[PDB]
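Visitor: Protein sequences appear in the order of chains A and B.
Per the working numbering, residue 23 is the first one in the first sequence, and the count goes up by one each step.
Per the working numbering, residue 912 is the first one in the second sequence, and the count goes up by one each step.
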Amino acid sequence: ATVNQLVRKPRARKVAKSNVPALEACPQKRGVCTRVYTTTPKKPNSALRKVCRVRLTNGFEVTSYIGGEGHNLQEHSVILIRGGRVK
Amino acid sequence: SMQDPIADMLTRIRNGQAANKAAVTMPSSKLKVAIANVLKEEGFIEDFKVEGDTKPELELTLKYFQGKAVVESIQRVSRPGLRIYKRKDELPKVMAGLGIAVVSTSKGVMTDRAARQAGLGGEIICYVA
RNA sequence: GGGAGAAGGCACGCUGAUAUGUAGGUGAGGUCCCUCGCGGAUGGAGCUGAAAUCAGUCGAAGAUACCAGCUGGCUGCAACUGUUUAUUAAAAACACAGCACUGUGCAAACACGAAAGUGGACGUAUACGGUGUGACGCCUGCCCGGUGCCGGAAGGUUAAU
RNA sequence: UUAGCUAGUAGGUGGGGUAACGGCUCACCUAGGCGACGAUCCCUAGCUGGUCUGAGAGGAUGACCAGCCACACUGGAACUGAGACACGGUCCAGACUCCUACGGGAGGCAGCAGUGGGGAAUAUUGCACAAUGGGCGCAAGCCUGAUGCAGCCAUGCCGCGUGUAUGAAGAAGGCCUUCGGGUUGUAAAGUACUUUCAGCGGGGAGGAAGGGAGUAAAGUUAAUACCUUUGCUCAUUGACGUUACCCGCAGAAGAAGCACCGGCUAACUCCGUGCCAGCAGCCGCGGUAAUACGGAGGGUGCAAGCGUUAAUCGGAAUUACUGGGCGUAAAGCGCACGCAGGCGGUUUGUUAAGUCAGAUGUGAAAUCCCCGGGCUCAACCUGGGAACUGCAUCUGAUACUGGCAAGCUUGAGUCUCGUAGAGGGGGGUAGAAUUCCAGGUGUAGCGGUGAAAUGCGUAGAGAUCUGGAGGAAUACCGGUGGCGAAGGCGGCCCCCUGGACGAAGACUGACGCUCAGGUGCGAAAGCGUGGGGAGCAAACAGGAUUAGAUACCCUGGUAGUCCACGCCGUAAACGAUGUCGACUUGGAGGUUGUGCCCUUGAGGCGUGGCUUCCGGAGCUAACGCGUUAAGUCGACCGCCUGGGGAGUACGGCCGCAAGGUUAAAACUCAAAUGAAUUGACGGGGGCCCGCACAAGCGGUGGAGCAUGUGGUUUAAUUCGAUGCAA
RNA sequence: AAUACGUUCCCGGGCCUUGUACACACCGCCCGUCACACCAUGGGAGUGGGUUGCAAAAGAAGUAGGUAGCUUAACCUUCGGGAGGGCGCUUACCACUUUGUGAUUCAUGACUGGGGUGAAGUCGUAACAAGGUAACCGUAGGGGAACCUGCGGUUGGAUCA
RNA sequence: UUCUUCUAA
C-alpha cells in the first residue's frame, strides 16, 4: 500500500463477468427447442420442474426454465428467453 | 534511520501530551524553531527554550488546560515520502478552521488563515488541533 | 554435442570496365648499416595472381560433358564404431564400455604340463580369474519348500584299519 | 505464461527527389539504433469536446451535436487539377451480378428512399427548394433525397385530460363475520353544475423578410447612354396549410391501466391446493389450516403507461489517491547480502529547478453551472456571465525540497585495551556404553507381552569374568543458559578463523536507510559417485492382535542414519509478528560488562549490553500485546482481496531425478471463517451419592400350568399401551 | 435371617474443572475408495479450420529509365534535316498468384486424468475429547480406501504425593 | 490387552 508500490503497480480493480453469457449482452434471444422434459430440483425442494433444452441463435445449447403452470411446447419450436437463474 | 526531524518532533509532542509531561526536549533545527515560534504565538505551547552551542537543543513547555491537554490532535501532512504543495485557494480549515494548519511558503512559516490574508500558497507541513 | 548437407531457395557462361593485373604473393637493380655475410634494413622494377562489382553479350539451357546425396513422416529391435557362418544367412547373433556376483594373500586363484617347469606376472586385492547382464535414464518386488553353494559339529550313519 | 528488437536499420558524406525539410531516395562510409520509464509481439479499438454515474475522488462511456481521422465491391496503381490517389472519375487484377448474334460487353446504396438477408429490434421507392445555404451565371436563373415538412413507434422527455359539487337509504350486490355486524362506500345511483381536449362548424397571425420588376434623383462620364448608389410604385414569393390562435356545437359525454402485499419494503383476509401444482432479487415458502402457490375480496404503489430482461455506475471503504489490511479471520519472502531504485543529519552561501504568486496567450462552439429572456407554462429555444480544473510564455518570490559549493559531529565508520561465549573450519585425543570376536566359570532356560508367540538356548545360551575389535554419540555439568541473521551449534586439546559488547580516548566528516531484479546461506528426508556401517531403523519378514489388521505390539531386518565431494532448495524454516529509526507508566528476574563507596563477608550507590516473566496507559473483533509494542510515529520492501476448484492445470524456468518455481481458468456453493459465551459431551481431571458395585440371601431363565404381549389364523380374532418409564 | 471390608471397576446422578470442529446436542459431528448419476475440464494417435512469420517464385496495370525500330500539324531550316513526340522495345518497382517450411489460435478426437456435486448404496472409521496409536508440517516408502510408517520440526496437544 | 457404526423433514 506504499505509494511507490502503487506507482510501480496500479490498483487492479477486479473484473466481473456475466452469469448469463449466452445472450451476449442482449435483452432477449431467439431459440430452437431441442428437448422438453422435467427435472427434479436440489434437496430443500421436491417437484418436477418443466424445462427445455434449447438451441439458440448463436449455436449455443442451453437449458431454460418453463415458467407458469402448463404449456404447449414441442421440440423444434421457436421460443424466446429473458434470463434469470433458477436457484 | 533518521528520515525526518519534523515527524520526530510532532510525535514527541504527541506522546508527551498523553505522558502528561511538562517539558519535551529534543535537538533543535532552524526549521524546528520556525515551527515552534508559531505554536506559542498560536497558543498551543507555553514556552520553548532553544539552547545548545555545539548542538542546539529545543526544550518545550506543554500547555495543559483544566488538567487535561490542549493539543487535541497533531498530524503530518507533507511526509518525506510524499510532499504536499497546495495553492492559496486549497488551504485547508483544520476542524472547520478552529484548529490551524502550518504552511511554509516563500514568506517563511505562518498559519493558513494568515497565508490566505497573505494571498499566497505553499507547502503544508502539518495539522495541529 | 547434435539432429542438419534437415528441409527449402538464389547465384553460376563469355566480353569489357573497375584495375589495359585489382586484392594479394614474390621480388630485383638502387640506398644505408655491416662484427661485411651462404648479411641486415630500405627499396621497389619485374613476374605471378584471386575474389567481387558494374555494363555488355550467346544459347532452349553456362555446377552444360565426365564427375557427383532422392528426400519426408511413424514404429519394431539393437545404444553406438565394430565381429561372423572362406563357398546359399550380416543380422535383433557376437563383441563392447558399463553393472553385479564369486574366487584369490603370491610359491595366489587358475591353466598347460605324469613331471620338472611355464603362463598368470617381473603384476600383489584401485590386482587377477570366472560367470551373468550389456551404454544411458528410471528402476529392479516376493518365495531357501526344492536343487546347488556356504557355514555348523552335538548326535545317527560309516571306509580302509 | 510477449525480453530481446533493428541492416536503409541508426548516423554521416555525396548525388537524386519533393511545394517544403529529412534513407524522402541512392551511393559510399560508420556501427550504430532501440528496449525493463515495456522495446518487441499478441489481443481489442476511430479519437476528443462530451455523455452516464458518483458528495467528491473517481468509474464507465463516445448513438444523436461538434472537432479531427479513416474508408468507398476487393486488391492495386497513377492520372488530372491550386487542391484527389477522387462514394457517385479513369486504368489493371479479383470476386459477384447482368447482356450478347458468344466475337464480346456492362456493373458497385456504408447518398435518399426502398428490397432481400441477418436479427430481440430500429420508420415512407412520402411530399416540397417557400426559407436557410451551396454550385455555376452580370443578372434572371438552374440544380441540390444538402434543407425544410408530413408518415411511422407510449422510443424518450415534458404539458393535458378522461369531469365538478352534492348525495346514507351507509342502496343493491360483492366480500367477510364473534352472524351482532363490518367492508366495498360519498363510492355508485340520484341531484345541481361544467363543456378543456378530441370531434364538428365557422374565423384567422407569424414563418415572406428579402429579392424581383417597372420608376425617380444622385454619382459616373461628352453624356441627362449604360452602369452604380439612394428614394417610389407594381406585383409577389409558403411546401408545410384545413397552420398558431379565435367563436359556435353538444353531452358527462368518446377517453385507465399495469405491478404489488412473508421479511427485506408501503400495503391481508378468505377459499382452493396438499414437497403436488408451484413460487422465487435474496432469505426462503408448498410434506391438508399457505398472509410467500392459485382464485376472490380488500389494500399499497405508479400512471398513459406499468412490468420483466439486458446494459453502466452507485450503494461497495468489496483494490481502500481521497479511503483498507497482513500474531491467529486471505495476507511479511526461510533468512542474509546488494545494484538499479526510492529515501535522506546538521549549518552557511549560492542557484531558483521543484514549489508559490502575478501577468499574457490559448484552452472552438455546443453542453453543464449562474443570472436573464422567449414560446399560455413546462420540456424546449435563447441573451449575458462564470467555468473550461490545463498548457505555453514573461515577471517575481525564497521558507521548504532539490542543484552547487563550503563547514560541523550527534548519525555512520576506524584506531586502543579488554570481555564472554555449544560462533566457525582443520587435526587429534579421551571415557562409559553398545555390538562383535575369543576364552574362563557355570546350567537350563533366555528373551519379550496385557497375555503370549515368533526368536534364542544343552551344538552350553543367558548370566558371569577376562581379552580384543569396530562404529556412533559425547552422562554429570546444563540452566524459562550461551552464540550465530536464521537454518543452527554441546567431551577435552591444538591450529586457523569470525562476530558481539564494554571502557577511556583519538579520528573520520553524513560516509545513511531500505532494496525489484540479482547473489549467497539454508533443517530433516531425498539424489549422485565414492567410503564406512556399532546402534537404530522406512520398506520388508515372522509373531501376535482383531470381524478384518497391508496398523498400533513383539522378534527380526535393508536402504537410510556416519564420512568425502557435489545436486536438490523445500520445513508449523513460527515469535504463524519484514527491515532501521525516534517517543512513551512500571515491577520482578537471568546473563554479560564497567565506575564509585571502606569489599568494614557473599555489601551499598551507579552506569552499559542482552534476555525472561508480570503488567499501567494505550491498542485490539476479542484473545492479547504491552519500552524487545500487536502503543505513538517515521522510511523502504514483500503480500492480501468469499470458499471449493488450486498453489492445481497449461507454458516457461531450474534440477540427475524427485520435483522446485511461476501461475490460472471453467464449474460450483452462500457460505468459509476468527475470537469469545452458554450448554452438552470426553474411552479428560478432582469430590460426593445411590441394593450402583462389592459383602449377602432368595430367585428368574429348565419343568408344568395361570396371565399378558408378539406372531400366525380367522367371518371376526374390537381398540389402545410396546426400551429403561408397554 | 445372612451380610456390608470397602468405592478399584460397573450403572446412574450431582458438584467444581478442563478440552471441544458438538448445539433436534457423542445414539454428536465427521472421512475416503468404491457403485450409480450429473456437471465442466486436463491429457490425447490424430483430424479440420483461421491467422501469420520466413524463404523464394510471380510481374498485369501503372509510372520511371533506356531504346535498335517504325513514325512524326506549331519550332529551327540548305528544305535536305534539327530537336522533340508517337508507337514498340527492354529495364526498374509492384498487385494478382505459387511454392515450401514454421508459428499461433479455434474446432474436433477413440481413449484417458482428476475435479465438483448427490434427501437411499458398499467398504472401513482417519480427524473433532488424551477421538480411544495426541495432532500437523516437510520429505521418503508402503498400502482397496480413508491412510500407515520412517526422519526432522511445530503446539495451533492432555496428564502430574 | 481388546473394542465399530446410527440414513433421509
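Just so you know, even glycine gets a beta-carbon here, dropped at the ideal spot from N, CA and C.
Residue 929(B): which of 943(B), 959(B), 975(B) and 952(B) sits nearest, CA to CA?
Guide: In the second sequence, residue 929(B) corresponds to position 18, counting from 1. The shortest Cα separation from residue 929(B) among 943(B), 959(B), 975(B) and 952(B) belongs to 975(B).
Visitor: Is residue 956(B) closer than 9 Å to residue 971(B) when the C-beta atoms are compared?
Guide: In the second sequence, the residue the question calls residue 971(B) occupies position 60. In the second sequence, the residue the question calls residue 956(B) occupies position 45. A contact, by the Cβ cut-off of 9 Å.
Visitor: Is residue 1001(B) helix, strand or coil when you go by DSSP?
Guide: Translated into positions along the second sequence, residue 1001(B) becomes position 90. Coil.
Visitor: Taking residue 1031(B) as the reference, which of 1021(B), 951(B) and 1039(B) has the closest Cα?
Guide: Residue numbering aside, residue 1031(B) sits at position 120 when the second sequence is read from its first letter. Of the candidates 1021(B), 951(B) and 1039(B), the one whose C-alpha sits nearest the C-alpha of residue 1031(B) is 1021(B).
Visitor: Is it right to say residue 943(B) is buried, meaning 16 or more other beta carbons lie within 10 angstroms of its own, or is it exposed?
Guide: As a first step, residue 943(B) is located in the second sequence; it is residue number 32 there, counting from the start. Under this definition residue 943(B) is a buried residue.
Visitor: Determine the burial state of residue 28(A): buried for a count of at least 16 other Cβ atoms within 10 Å of its Cβ, exposed for fewer.
Guide: Position 6 of the first sequence, counted from the first residue, corresponds to residue 28(A). Burial call: exposed.
Visitor: Can you give the Cα-Cα distance for residue 78(A) and residue 99(A), rounded to whole angstroms?
Guide: Taking the first residue of the first sequence as 1, we reach residue 78(A) at position 56. Taking the first residue of the first sequence as 1, we reach residue 99(A) at position 77. So the alpha carbons of these two residues sit roughly 11 Å apart.
Visitor: Just the Cα atoms here: how many angstroms apart are residue 1005(B) and residue 940(B)?
Guide: The sequence position of residue 1005(B) within the second sequence is 94, counting from 1. The sequence position of residue 940(B) within the second sequence is 29, counting from 1. Looking at the two C-alpha atoms, the distance is approximately 26 Å.
Visitor: I'd like to know whether the C-beta atoms of residue 938(B) and residue 973(B) end up nearer to each other than 9 Å.
Guide: Taking the second sequence and counting its residues from 1, one reaches residue 938(B) at position 27. Taking the second sequence and counting its residues from 1, one reaches residue 973(B) at position 62. No, the Cβ-Cβ distance between residue 938(B) and residue 973(B) is not below 9 Å.
Visitor: Quick one: is residue 1023(B) buried, meaning 16 or more other Cβ sit within 10 Å of its Cβ, or exposed?
Guide: Along the second sequence, read from residue 1 onward, the residue named residue 1023(B) stands at position 112. Under this definition residue 1023(B) is a buried residue.
Visitor: Evaluate the contact criterion for the segment 29 to 41 of chain A versus the segment 63 to 83 of chain A: three or more CB pairs, one atom per stretch, below 8 Å.
Guide: Taking 8 Å as the limit for Cβ pairs, the verdict is that the segment 63 to 83 of chain A does not touch the segment 29 to 41 of chain A.
Visitor: Would the C-beta of residue 986(B) count as close to the ligand MG, meaning under 8 Å from any of its heavy atoms?
Guide: This structure simply doesn't include the ligand MG, nor any ligand for that matter.
Visitor: Relative to the C-alpha of residue 988(B), which candidate in 997(B), 1028(B) and 980(B) has its C-alpha closest?
Guide: As a working note, residue 988(B) is residue 77 in the second sequence. Measuring from the Cα of residue 988(B), the nearest candidate turns out to be 997(B).
Visitor: How is the beta strand (DSSP E) around residue 971(B) delimited, first residue to last?
Guide: Numbered from 1 along the second sequence, position 60 holds the residue referred to as residue 971(B). First-last of the beta strand (DSSP E) with residue 971(B): 968 to 973.
Visitor: On the CB-based measure, 16 or more other CB atoms within 10 Å of its CB, does residue 1016(B) come out buried or exposed?
Guide: Walking along the second sequence from the start, residue 1016(B) turns up at place 105. Buried: at least 16 other Cβ atoms inside 10 Å.
Visitor: Rounded to whole angstroms, what is the Cα-Cα separation between residue 945(B) and residue 1014(B)?
Guide: Stepping through the second sequence from its first residue, residue 945(B) is reached at position 34. Stepping through the second sequence from its first residue, residue 1014(B) is reached at position 103. Cα to Cα, the separation comes out at about 11 Å.
Visitor: Are residue 55(A) and residue 102(A) close, meaning C-beta to C-beta below 9 Å?
Guide: Taking the first residue of the first sequence as 1, we reach residue 55(A) at position 33. Taking the first residue of the first sequence as 1, we reach residue 102(A) at position 80. Not in contact: residue 55(A) and residue 102(A) (Cβ atoms no closer than 9 Å).
Visitor: What does the alpha-carbon distance come out to for the pair residue 1000(B) and residue 1040(B)?
Guide: One-based indexing of the second sequence puts residue 1000(B) at position 89. One-based indexing of the second sequence puts residue 1040(B) at position 129. In a straight line, the C-alpha of residue 1000(B) is about 21 Å away from that of residue 1040(B).
Visitor: Look at the alpha carbon of residue 24(A) and the alpha carbon of residue 1036(B), and state the distance between them as a whole number of angstroms.
Guide: Here the question's residue 24(A) lines up with position 2 in the first sequence. Here the question's residue 1036(B) lines up with position 125 in the second sequence. Going from the Cα of residue 24(A) to the Cα of residue 1036(B) covers about 20 Å.
Visitor: How would you call residue 1038(B), buried or exposed, if buried means at least 16 neighbouring beta carbons within 10 angstroms?
Guide: Translated into the one-based positions of the second sequence, residue 1038(B) becomes position 127. So residue 1038(B) counts as buried.
Visitor: Given a cut-off of 9 Å, decide if residue 62(A) and residue 76(A) are closer than it, judged by their beta-carbon atoms.
Guide: Reading the first sequence from its first residue, position 54 is the one you call residue 76(A). Reading the first sequence from its first residue, position 40 is the one you call residue 62(A). Their beta carbons are not under 9 Å apart, which means residue 76(A) does not touch residue 62(A) by this criterion.
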